[PDB]
Structures are given as C-alpha cells and as structure tokens.
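Shown next, in structure tokens, is the structure this report addresses.
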2 protein chains.
Amino acid sequence: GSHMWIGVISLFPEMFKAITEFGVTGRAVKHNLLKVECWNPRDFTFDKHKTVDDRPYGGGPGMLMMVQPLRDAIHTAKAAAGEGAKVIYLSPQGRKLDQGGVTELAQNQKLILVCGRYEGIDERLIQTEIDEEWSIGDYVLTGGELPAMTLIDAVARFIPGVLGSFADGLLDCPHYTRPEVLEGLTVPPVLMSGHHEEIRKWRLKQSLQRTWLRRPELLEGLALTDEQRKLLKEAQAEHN
Amino acid sequence: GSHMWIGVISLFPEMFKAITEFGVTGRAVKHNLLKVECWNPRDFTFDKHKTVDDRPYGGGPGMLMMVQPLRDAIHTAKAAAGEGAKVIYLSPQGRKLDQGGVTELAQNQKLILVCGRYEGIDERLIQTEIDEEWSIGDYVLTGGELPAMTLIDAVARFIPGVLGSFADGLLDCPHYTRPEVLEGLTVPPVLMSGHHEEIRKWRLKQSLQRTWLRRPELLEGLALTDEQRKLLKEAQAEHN
Ligand SMILES: NC(=O)c1ccc(NCc2ccccc2O)nc1
Ligand SMILES: NC(=O)c1ccc(NCc2ccccc2O)nc1
C-alpha cells in the first residue's frame with residue numbers, strides 16, 4: 001500500500017541482513033511492505049584490486065571513499081529508483097535525527113542511503129549527488145551502515161501493516177508483566193484494578209513525571225493539555 | 001591490551017554478525033581486541049513453544065519481554081563476565097548517548113548490553129538488574145539491537161589498535177580527493193599548496209564555520225582557543 005523502497009550504497013551490503021532477515025523489519029521485507037536494495041561501489045571499480053578508497057588532498061592520516069566507484073554506484077541506484085527518490089548521506093555533520101524527523105523522512109516513498117566509510121566522501125559529491133545530510137546522533141562510528149539501518153528501522157515503523165508514548169512527546173511510562181511480585185517488588189495496584197480510566201491517568205502521570213525528572217527540556221517543547229498540566233503538578237507535588 | 005568484552009542479551013543474536021564479521025569492528029573481533037558474546041532468552045525458556053513475551057498488567061496493545069527467560073539470560077551473562085561488568089539497557093528513556101558519553105563507556109573493560117523487544121522490559125528488572133539506561137537518540141526502533149551495535153561500534157574505536165574532528169568538539173571540515181575538478185567544482189588551492197600550516201588553519205577555520213552555521217549550540221559548549229576565536233571571527237566576517 002504505502003510501501004517503501006530504500007536503495008542503499010554500501011561497501012558492506014551483507015550488514016543489512018541484520019534488518020532484512022530478522023524481526024519486524026524482516027517481516028516487512030518478506031511481506032513486500034519494505035524493499036531494501038543495495039549497490040556496492042566495489043562492483044563499480046575497474047582496477048585489478050578493486051580499489052574503493054583514495055587519499056585526501058592536503059594530506060592527513062585518513063582515507064576517503066574513491067569518487068569514481070562511489071559516484072557510479074549512486075547513479076546506478078538513482079536510475080533504478082526513477083523519479084522522486086531523495087538521496088540521503090549519513091554523517092555526524094548532518095541534521096540530527098529525532099522522531100519528528102523520522103516521520104518527515106517516512107513521507108518519502110523512495111530513499112537512497114549513502115553509507116560512508118573511512119573519513120567519508122568528497123565534499124563535491126555531497127553538493128552534486130546528496131539531497132539531505134542526516135545524523136543519528138552526536139557520536140562517530142566506523143561507517144554509515146548502522147546509521148542507515150537505524151533510519152530504515154525507524155521509518156519502517158510508520159509503514160502501515162508493519163506494526164501489529166513518544167507520539168505525544170513524552171518518555172514512556174513504566175510497564176509491568178508477570179510475576180506479581182519480583183524480588184520483593186510489587187506491581188502498582190492500579191494496574192490490577194481493571195479500572196481503565198484510572199490506569200490511563202496513572203500511565204500519563206508517570207510519563208509526565210519521568211519526562212520531568214529525566215528529560216525536562218522535552219517538556220518545554222510541549223503545549224500541555226489541561227489534564228497533562230494537572231497530573232504533572234500532582235507529580236511534582238508528590239516528589240516534593 | 002586494553003581489550004574489551006561485551007556481553008549481549010538478544011532475541012536476535014545473528015544481527016550482531018553485522019559488526020562481528022565486517023569492516024573495522026570485524027577486524028577488531030578477529031584480532032581479539034573486541035569480544036562480543038551473545039545470550040538468547042529463547043534458550044532459557046522451558047515451555048514447548050519457547051515463549052519469550054508476556055502481557056502487560058493494566059492492559060494495553062503491546063507485549064513485554066517475558067521476565068523469567070530474560071532474567072535467567074542476564075544472570076548467565078553476569079556469571080560469565082565475572083566482577084566489574086556494567087549492565088546497560090538500551091531504551092529511548094535512557095541517558096542520551098554522545099561522544100563524551102562514548103568515551104565514558106569505553107572506560108569499562110566489560111559491558112553487558114540488554115536488548116529490549118516489543119514494548120520493552122519489566123520496570124522491576126531495570127531496578128534489580130540494570131546499572132545504566134542509555135539512548136542512542138530521540139527516536140523509537142523495533143529493538144535494542146541496532147542501538148547496542150551502534151554503542152559497540154562507537155566504543156570499539158577507542159580500543160587501542162582498532163583504528164589504523166569531533167575530538168575538540170567541532171564538526172569535521174570538508175574533505176577532497178581525486179579528481180582535481182569534479183563537475184566544474186575544483187579543490188581549494190590551499191589543499192594543493194603543500195603548505196602544512198596553512199592547510200591546518202584552513203581546515204580548522206572550515207570546521208569552526210561549519211559548526212557555527214549548522215550546529216551553533218555546540219560552539220556554546222566550548223572554550224575556544226585564541227586561534228579558534230580568531231578564525232571563527234574571520235569566517236563570520238566573510239559570511240557577512
Ligand atoms: N552520527 C552518525 O549518524 C554517523 C554517521 C556516519 C558515521 N561514520 C561514517 C562516516 C564517518 C565520518 C564522516 C562521514 C561518514 O560517513 N558515524 C556516525
Ligand atoms: N533510542 C534508542 O536508543 C532506542 C532503544 C531501544 C529501542 N527499541 C527497543 C525498545 C522499545 C521501547 C522500549 C524499550 C526498548 O528496549 N528503540 C530505540
């Protein structure tokens with residue numbers, strides 16, 4: 001229906017088996033809700049040793065991805081995607097991914113994800129080939145593959161049919177399952193009460209309290225409902 | 001030497017092949033700089049159908065991980081790790097991972113990473129079994145495996161021997177490799193000059209400018225050197 005095609009450019013395409021063969025994303029792939037298609041720059045080399053890296057001008061300790069195989073791999077993915085595919089580069093210099101950003105990217109029916117290795121890719125390729133640069137967080141990894149897979153997994157959840165408290169901007173409430181007592185610790189009685197409205201308000205209150213204690217800046221981004229304002233006040237009063 | 005042991009609790013241990021079999025982390029594993037060891041809660045079930053999920057008290061659409069197999073898997077990993085292993089739970093409610101946080105976690109010789117699935121794990125297990133809760137970013141994924149792999153990859157880079165501009169808190173400068181001209185776009189002459197000190201100052205200036213334009217809040221966290229203050233001022237003047 002609202003299926004998604006994701007093209008991937010990567011020197012290690014077999015890494016993507018982690019999402020295409022397992023769990024909820026693996027089911028999405030098998031049910032044709034999600035298609036992940038990989039192109040390896042190594043297949044676009046012409047020298048005997050299939051060289052995919054190159055030295056940076058100006059010197060420095062690191063290598064970059066070699067332009068010609070990377071560029072040809074990208075052009076080949078773009079031709080397969082046809083019109084309307086947004087090309088994304090994963091890097092620490094990119095726009096910081098968050099849930100609102102995930103819902104934005106989920107609007108695209110087609111994506112091409114370029115996974116950098118070594119010190120990354122030539123700046124002029126970013127200018128000529130990349131539409132948007134994104135980061136999954138403020139840390140450095142050995143490659144863009146885990147960030148690409150993270151992005152795929154996150155947007156996959158918004159494909160209808162893929163799934164069987166972040167939505168209103170709060171951290172999740174605590175959850176409990178069997179047994180009723182675990183190392184002396186009991187389940188909050190309200191969760192046993194069967195009183196659906198009390199349970200809803202307890203969970204909402206807990207989410208508000210948790211967000212306030214752990215991530216108070218997230219509250220500032222919100223326009224709380226009357227009910228949310230009440231429950232948050234009660235929680236802060238009980239904490240005091 | 002300063003090798004690292006990482007125990008992993010996961011319903012999909014084969015996902016970790018993505019880091020243990022490929023690239024720089026795969027080399028780290030083969031060279032015994034990094035050891036990743038997985039325990040699957042499914043192996044700790046006793047019923048015919050090997051059930052690893054359970055219903056949450058209070059109702060709700062989701063499932064949680066079943067306590068008994070998860071708990072037994074964790075205890076088994078802890079016994080293998082011996083003393084000094086810090087147990088980490090990956091979740092959106094956790095401390096936000098950044099590079100300074102990565103360098104903190106990299107101090108541990110032993111880690112145990114618990115990967116949640118479904119709606120996560122019982123709150124009382126977090127209290128009784130988990131030392132620290134971490135998030136790789138403000139978004140929701142289908143499982144804690146990609147966050148665990150992200151964390152492993154990031155800390156792996158600080159293991160001596162694993163590697164062959166974030167360090168001073170700035171975004172990276174632009175990088176260029178062959179060819180000298182790419183779709184009309186030329187390499188900045190300074191990078192061709194062989195003038196090492198000019199090249200260093202150009203790169204530093206670019207990093208400062210890039211950080212200022214894309215991530216100005218990161219600059220506020222820094223105490224800039226005289227040189228950095230000068231180059232940033234020049235860059236802002238040239239932008240104006
Ligand atoms: N925070 C991130 O989203 C992220 C993305 C990619 C990455 N490493 C590959 C790479 C390294 C350096 C430059 C460009 C690159 O593509 N590490 C972290
Ligand atoms: N931002 C993160 O680090 C992150 C970690 C785990 C995750 N999903 C598994 C899971 C989902 C919900 C609750 C607990 C859980 O363990 N999604 C994102």
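Identifiers in the structure tokens: chain A, B, ... in order shown; residue index from 1 per chain; ligand index from 1 in order shown.
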Environment of ligand 1 within 10 Å, counting only C-alpha atoms and all ligand atoms, reported as a ChimeraX atom specification: /A:64-65,89-97,114-122,133-148,150-151 /B:98-99,136-137,150,153-154,165-166,171-175
Sel. of strand (DSSP E or B) residues, segment 3-237 of chain A, as a ChimeraX atom specification: /A:4-9,34-39,53-54,64-65,86-96,110-115,117,132-135,143,181-182,185-186
Which of segment 56-238 of chain A DSSP labels helix (DSSP H, G or I), written as a PyMOL selection string: chain A and resi 67-81+99-105+123-129+145-156+166-168+189-192+196-214+216-220+226-238
Leaving out residue 152 of chain A and any residue of its chain fewer than 5 positions from it, which residues lie within 9 Å of it when counting only C-alpha atoms, given as an mmCIF file with N, CA, C and O atoms, in the first residue's frame?
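The result, written out as around-v4.cif:
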```cif
data_model
loop_
_atom_site.group_PDB
_atom_site.id
_atom_site.type_symbol
_atom_site.label_atom_id
_atom_site.label_comp_id
_atom_site.auth_asym_id
_atom_site.auth_seq_id
_atom_site.Cartn_x
_atom_site.Cartn_y
_atom_site.Cartn_z
ATOM 1 N N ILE A 6 13.895 1.409 -0.407
ATOM 2 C CA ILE A 6 15.081 2.067 0.097
ATOM 3 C C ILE A 6 16.281 1.498 -0.633
ATOM 4 O O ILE A 6 16.568 0.312 -0.545
ATOM 5 N N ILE A 19 18.715 -6.217 9.301
ATOM 6 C CA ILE A 19 17.328 -5.754 9.326
ATOM 7 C C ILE A 19 16.441 -6.512 8.339
ATOM 8 O O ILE A 19 15.241 -6.648 8.579
ATOM 9 N N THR A 25 11.237 -5.823 10.966
ATOM 10 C CA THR A 25 11.685 -5.308 9.663
ATOM 11 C C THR A 25 11.848 -6.462 8.668
ATOM 12 O O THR A 25 11.513 -6.337 7.490
ATOM 13 N N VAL A 36 14.550 -3.250 0.450
ATOM 14 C CA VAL A 36 15.888 -2.695 0.600
ATOM 15 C C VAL A 36 16.756 -3.289 -0.498
ATOM 16 O O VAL A 36 16.838 -4.511 -0.646
ATOM 17 N N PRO A 147 24.020 3.664 11.019
ATOM 18 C CA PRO A 147 23.054 4.772 10.929
ATOM 19 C C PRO A 147 21.982 4.582 9.854
ATOM 20 O O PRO A 147 20.841 4.958 10.081
ATOM 21 N N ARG A 157 8.631 1.588 10.847
ATOM 22 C CA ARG A 157 7.543 1.502 11.831
ATOM 23 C C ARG A 157 6.324 2.332 11.434
ATOM 24 O O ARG A 157 5.229 2.097 11.928
#
```
Interatomic distance (Å, one decimal) between atom CA of residue 237 of chain A and atom CA of residue 223 of chain A: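 It comes out at 20.2 Å.
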